[PDB]
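Just one chain follows, in the form deposited in one PDB entry, and it is written as structure tokens.
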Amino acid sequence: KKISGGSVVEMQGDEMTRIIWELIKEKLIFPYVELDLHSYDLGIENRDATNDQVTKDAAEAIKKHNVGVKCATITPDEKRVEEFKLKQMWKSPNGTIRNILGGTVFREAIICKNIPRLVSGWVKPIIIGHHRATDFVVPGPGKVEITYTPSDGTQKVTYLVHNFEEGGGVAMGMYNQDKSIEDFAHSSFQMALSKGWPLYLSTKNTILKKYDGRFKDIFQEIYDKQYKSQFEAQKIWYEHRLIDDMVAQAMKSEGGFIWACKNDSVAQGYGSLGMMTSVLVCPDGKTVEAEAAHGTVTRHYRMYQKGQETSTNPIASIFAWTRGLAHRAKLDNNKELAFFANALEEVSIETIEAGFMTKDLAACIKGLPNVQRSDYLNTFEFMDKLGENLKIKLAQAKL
């Protein structure tokens, strides 16, 4: 019999990632793992047909069952509205899910030794996690003020942002709740423990002494109170850094740390965004949603619609599953599932490291103008190779 993987929430998506998603389930997951699968179709046509109710249900299912794996979906714009004759310009599914669940998005690369990187010294992953606008034009002279009116009726506070004495300009207001900062802290500490690396927070608290100082203070208070003992047990630490110092140190590091950032296209140089997953980590320590860091790869899908050959990287999508299942295994103390998830990840890394890869990675190594057809495998060929290697890997582990 297969591995009993338990309860997993699955979200089907759009275009090229939809094709790859089904191949991942068919060739890599279903042949080895049985799931109590809570499956939701977040394809654009179904979201339209259900008036986006399917997206809300999916979010609630993740809250209920703790483990979510999601395929990339189309975020509608005016162009998509015309393409699919949509009823409305539906909100980003990711945005709707994030609002219901809360949490912090962490991005982790899939490390392959033969794939060029920004700093050659980076041998371990650098897992980065990021935390309303209210801006307006100032047409002419006048005061911009920002006020705080306590809910308890005590005297309101008025700060002068700027008195425009001559000419116009622009002004802006921003905020951050302590609760959100607390969630951000908890998620970051939990992430550092689960992966087994040190955590760093970066802020500009020298300039924004009160705004960014709150982030520094809250992280320290929660660290010293709730996480310091557990960190020291694994030979791990937490320290605050200034953003300028943090980047300079990271560029001369070996990697292998969590970077909580207070504020994507840089990371695409590492092969592509096909080598980056995006995991939402909720502050409860229980709930996770995993997906690829890239979109639906529309350009590749158009070629697929015409019957032309495609070479789309399934790694990020594959690692959405493995990091989803790894969390599932951790929650249920499921040693068999834990091993399988690891095995699939290693198989994927090994296959690329042995010279079998999709065009994006071949282009990163050799340069796009220099890439020939013999340097890479198409989408189907690469999936077949992974499946063959997966079978061989699992047979070896049975000894």
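C-alpha atoms forming the largest set that superposes within 1.5 Å between two forms make up the rigid core. So that there is no doubt, residue numbering starts at 1 and follows the sequence shown.
- The gap between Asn263 and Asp264 holds 4 to 9 unmodelled residues of the deposited sequence.
- Coordinates are given for every residue of the deposited sequence from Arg302 through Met303, so that no gap is recorded there.
- Averaged over Cα atoms, the B-factor as recorded in the entry is higher for 187-195 than for the other of 317-325 and 187-195.
- 99-107 and 115-123 differ in mean CA B-factor, and the higher of the two is recorded for 115-123.
- Of the candidates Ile74, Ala250, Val144, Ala292, it is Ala250 whose Cα B-factor is highest according to the PDB record.
- Among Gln268, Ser311, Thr149, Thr296, the highest C-alpha B-factor recorded in the PDB entry belongs to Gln268.
- In this PDB entry, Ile392 carries a Cα temperature factor that places it within the middle third of its chain's modelled residues.
- When the modelled residues of the chain are ordered by C-alpha B-factor, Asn370 sits in the highest third.
- Annotation for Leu86: CA B-factor lies in the middle third of the chain's modelled residues.
- Compared with the other modelled residues of the chain, the Cα B-factor recorded for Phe164 ranks in the middle third.
- Among the modelled residues of its chain, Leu399 has a C-alpha B-factor that falls in the highest third according to the deposited record.
Absent from the display: the form deposited in another entry. The rest refers to it.
- Just one of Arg302, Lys204, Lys91, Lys286 moves its Cα by 2 Å or more between the shown form and the other one on a rigid core overlay, and this residue is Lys204.
- After superposing the rigid core, the C-alpha of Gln190 moves by 2 Å or more between the shown form and the other one.
- In a rigid-core overlay of the protein, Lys79 has its C-alpha displaced by under 2 Å between the shown form and the other one.
- Once the cores line up, the CA of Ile100 ends up less than 2 angstroms apart between the shown form and the other one.
- The pair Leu331 and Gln230 is looser in that other deposited form: their Cα-Cα distance rises by no less than 3 Å compared with this form.
- In that other deposited form, the CA atoms of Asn176 and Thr75 sit closer together than in the displayed form, by at least 3 angstroms.
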